[PDB]
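Below, in C-alpha cells: the form deposited in one PDB entry, a single chain.
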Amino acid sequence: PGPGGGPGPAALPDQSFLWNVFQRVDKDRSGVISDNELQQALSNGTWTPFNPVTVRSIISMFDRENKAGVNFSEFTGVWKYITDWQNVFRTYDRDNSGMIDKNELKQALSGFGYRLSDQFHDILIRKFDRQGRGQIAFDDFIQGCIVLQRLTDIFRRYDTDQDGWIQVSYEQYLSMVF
C-alpha cells in the first residue's frame, strides 16, 4: 500500500473550430504556438499568469520536433490535454470553489490510484500551491500531478519488486533526485 496506481488526466469540436482557436493563440502568426503564447491562452482562474513551468511541460509533451512550441496538429493534442484536466479538476473541486483543498486533493489522488498518507498532502500543497493559501489552483494542480507521475515512473524503474520500498546508495539518491 504505497505507490501510485494507474496514470491520470490524459475530442468533440471540428478542425475549423480548433484551427480558428489555433490562429488566435498564435498571435505572431509564426505558424507555431510558443510557451509564451499558450500561457496567455490558458487560465488558472486566479487572475495570475498560468504557471509557466506547467506551460513548458505541456509544450514539450506535444512538441515532437524540439521547436520550443507546437503546430496545429499537436495543438489539438494540447487542447484535448487541457480539456481532460479541466474535467478532472471540476470533478474533484467538490465545494465548487475553483480551488482544490487538501480534502479534495486526497480525493483526486485516491481517485488516480495513489495510496498516500494524510501528512503527505500538506507537503504536496505547500510544495505546489503558489498562491500560498492551501487552495491549489488549476495550473498548480496539473504540475503537482505531473511531477508525481513523473517521479512515480522513476521510482518504479528502481522498485523491481514494486513493493513500495527501495535501497539506494547516496549517489543514486542524488542521481535520481537530479
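One rule holds for the numbers: they count along the sequence shown, beginning at 1. Shifts are known only where both forms have a C-alpha. Take the two forms, superpose them, and find the largest set of C-alpha atoms that agree within 1.5 Å; that set is the rigid core.
Gap between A10 and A11: 1 to 3 deposited residues without coordinates.
Averaged over their C-alpha atoms, the temperature factors of 62-70 and 140-148 are higher for 62-70.
Note on 105-113 vs 129-137: mean CA B-factor is higher in 129-137.
The deposited CA B-factor of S34 belongs to the highest third of values across its chain. When the modelled residues of the chain are ordered by C-alpha B-factor, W165 sits in the highest third. Among all modelled residues in its chain, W19 ranks in the middle third by Cα B-factor.
Missing here is the form deposited in another entry; even so, the following discussion is about that form.
Once the rigid core is used as the reference frame, the Cα position of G77 differs between the shown form and the other one by less than 2 Å. After superposing the rigid core, the Cα of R94 is displaced by 2 Å or more between the shown form and the other one. The Cα shift for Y170 between the shown form and the other one, taken after rigid core superposition, is 2 angstroms or larger. Once the core is fitted, the segments that move between the shown form and the other one, counting only runs of three or more residues with each CA displaced by at least 2 angstroms, are 94-98, 169-178.
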